[PDB]
Ligand SMILES: *[C@@H]1O[C@H](CO)[C@@H](O[C@@H]2O[C@H](CO)[C@@H](O[C@@H]3O[C@H](CO[C@H]4O[C@H](CO)[C@@H](O)[C@H](O[C@H]5O[C@H](CO)[C@@H](O)[C@H](O)[C@@H]5O)[C@@H]4O)[C@@H](O)[C@H](O[C@H]4O[C@H](CO)[C@@H](O)[C@H](O)[C@@H]4O)[C@@H]3O)[C@H](O)[C@H]2NC(C)=O)[C@H](O)[C@H]1NC(C)=O
Ligand SMILES: CCCCCCCC/C=C/CCCCCCCC(=O)O[C@H](COC(=O)CCCCCCCCCCCCCCC)COP(=O)(O)OC[C@@H](O)CO
Ligand SMILES: CCCCCCCC(=O)OC[C@H](COP(=O)(O)O[C@@H]1[C@H](O)[C@H](O)[C@@H](OP(=O)(O)O)[C@H](OP(=O)(O)O)[C@H]1O)OC(=O)CCCCCCC
Ligand SMILES: CCCCCCCCCCCC(=O)OC[C@H](COP(=O)([O-])O)OC(=O)CCCCCCCCCCC
Ligand SMILES: CCCCCCCCCCCCCCCC(=O)O
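Protein chains in written order, with our numbering: chain A, 1 to 88; chain B, 1001 to 1171; chain C, 2001 to 2071; chain D, 3001 to 3121.
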């Protein structure tokens, strides 16, 4: 999931009230990779949102088609969100 | 061989040297060669996705005047692909880059998306709001859409070429 | 449990999925035969009557094969 | 496209160093190796290093050639000491996870252009 952008070493004396205690610290800077999320979560959401706009190009009188499209897009987005919440 | 999803093909035994911060050390190594079993993912993931894409393409053979039927059909096919993709990716490790099955699922999902867009484009040019009566020789009636007529060839053909390229690249 | 290879449960679920898929394809065939090839001619009821018998019988045969081969 | 550019000398009377820079893909997890091909069309394994910095060598060049890797620069170097006339050959830089291999050329999916090395006495 991550890539180590940088690592640092620092030595310092923590000045505690009793006295100065030595300390070393090894830090890593981790950057998360988005190839996971570009495919898993962003692309289906974007394409479902795009599909939701197909209702605008259907005639107003075609109530069943437009309603089914819109509400099933709502259901698909709910499914995506819920299962994403479970997996993540 | 207590392996479920792998086949232990064999072992390769070797020896080498590692130069660490404290000195050189002899390191004796073995390498167990494993190959994954593919039948599970064929039956559970690839083949339902293929049949769902085939379903999404079957919409082109319905009459253009069945607007609610084709609309529900395409959008529910998109929902089915969403469910299949979620179930498929539940059974993977959380790697960053894209696996082959991820690409297959994405391509199939794009195919069903394009099928629904194709139906929308076909419906945009539909003139009459009634289908063929059943006892007329062509009152006027809607002609069969050219978009549908050549999509029936273009979509299965493109899916077949993609399948051939995919199953030649990896196998 | 996650056992990544084919099992009897997988075969049964696959067969049932194929059956429902074929029923949907059957209606698609009926619709194409009526509205698609119909203008050119000038029986879909025959296709429906055939399906009503074949689908239950084929499913029963599939169940018999499954419940004999595995039990 | 993934490329493995190779650098180093070709003529020595002797010590030499043949470097290999990889571009197009990160080979941190892959086993980077060197192969030799003398005239007559036989490829010979020379050395290899894995992700664990573990060095494998061929018997013919054990204790003579030293293989090292720069994981930050994504490169592999082969230091050749004690060259003899029979070492004249084309040296190939290879990378790839070692499946059924680590000593077989078939296990490596990436190869370099090669570098000709000659030794004269
Ligand atoms: C991740 O995130 C963490 C945050 O938690 C980062 O950690 C911190 O890292 C930075 C560097 O990246 C540290 O800065 C340095 O500390 C050194 C220590 O030297 C000093 O220590 C002496 C005791 O041994 C002390 O007497 C001197 O004085 C100062 O230091 C004390 C600490 O004792 C402090 O209270 C004051 O700041 C005093 O002024 C002595 O300086 C310090 O030298 C560094 O400063 C230098 O940089 C310039 C340019 O090089 C140099 O010219 C100067 O001399 C200047 O002093 C710097 O302050 C910091 O201490 C870390 N903090 C903790 C809590 O750990 C980590 O780096 C991140 N890593 C990654 C990979 O993202
Ligand atoms: C019009 C549009 C056209 C579009 C074009 C569509 C074309 C359709 C492409 C299909 C590709 C199929 C995947 C091929 C991948 C190759 C996979 C393969 O080599 O076969 C075996 C795996 O499969 C398997 O046994 C599992 C087989 C499961 C079979 C289930 C029966 C389903 C019947 C329902 C009908 C199916 C066909 C429908 C296709 C449309 C290998 O394993 P093997 O044997 O060595 O060891 C036992 C095993 O458990 C471990 O591997
Ligand atoms: C896959 C490639 C698809 C290429 C599709 C491109 C195929 C193509 O170029 O055909 C034209 C198409 C519309 O064709 P379509 O068949 O739907 O429309 C017919 C015709 O165009 C007239 O509208 C009518 O004839 P006429 O006037 O009354 O005589 C006739 O009705 P009727 O006569 O029965 O009453 C209509 O049926 O419009 C686009 O370009 C779609 C945008 C591209 C959409 C791209 C979708 C992916
Ligand atoms: C009107 C019809 C309503 C039916 C609903 C109720 C079905 C309940 C059937 C009971 C199934 C059962 O318990 O079978 C167990 C035995 C094996 O016994 P054992 O020795 O292994 O313990 O046999 C087996 O090996 C398992 C076989 C399972 C048989 C499947 C029955 C198919 C039902 C058709 C539904 C239309
Ligand atoms: C952003 C895209 C949203 C979904 C798809 C909507 C467009 C599908 C219907 C096509 C309408 C465009 C028809 C152009 C023909 C013309 O020149 O009048």
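For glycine and all other residues, C-beta sits at the position ideal for the given N, C-alpha and C.
Asked                                                                                                                   : Found
Continuous beta strand (DSSP E) assignments of at least 3 residues falling wholly in the stretch 3068–3093 of chain D   : 3075–3081
DSSP beta-bridge partners of residue 3020(D)                                                                            : 3006(D) and 3076(D)
Environment of residue 1025(B) [buried if 16+ CB atoms lie within 10 Å]                                                 : exposed
Cross-strand partners of residue 13(A) (DSSP beta bridge)                                                               : 22(A)
Between the CA atoms of residue 1016(B) and residue 1010(B) - distance to the nearest angstrom                          : 20 Å
CB of residue 3065(D) within 8 Å of CB of residue 3048(D), strictly                                                     : no
Any chain A beta carbon closer than 8 Å to residue 1111(B)                                                              : no
CB contact below 8 Å: residue 1169(B) versus chain D                                                                    : no
Beta carbon proximity, residue 2006(C) to chain B, threshold 8 Å                                                        : yes
Cβ distance (whole Å) where residue 1144(B) is taken to contact residue 2042(C) below 8 Å                               : Not confirmed; about 15 Å, so no contact.
Boundaries (first-last residue) of the beta strand (DSSP E) holding residue 1035(B)                                     : 1024–1036
Helix, strand or coil at residue 3114(D) [DSSP, three-state]                                                            : coil
Contact list for the stretch 30–42 of chain A against chain B, Cβ threshold 7 Å                                         : 33, 35, 36, 39 and 40
Short CB-CB distance (under 8 Å) between residue 1050(B) and chain A                                                    : no
Assigned secondary structure, residue 1050(B) (DSSP; H/G/I helix, E/B strand, else coil)                                : helix
Any C-beta of chain C under 8 Å from that of residue 1001(B)                                                            : no
Option nearest residue 1086(B) by Cα separation, candidates 44(A), 13(A) and 50(A)                                      : 44(A)
Spatial distance of residue 3033(D) from residue 3076(D) (CA atoms)                                                     : 8 Å
Any 3 or more C-beta pairs closer than 8 Å across the stretch 1050–1060 of chain B and the stretch 1112–1131 of chain B : yes
Below-8 Å beta-carbon distance, residue 3099(D) vs any chain B residue                                                  : yes
Residue 2067(C), DSSP secondary structure in three states                                                               : helix
Neighbour flag for residue 1100(B) against chain C, beta carbons, 8 Å                                                   : no
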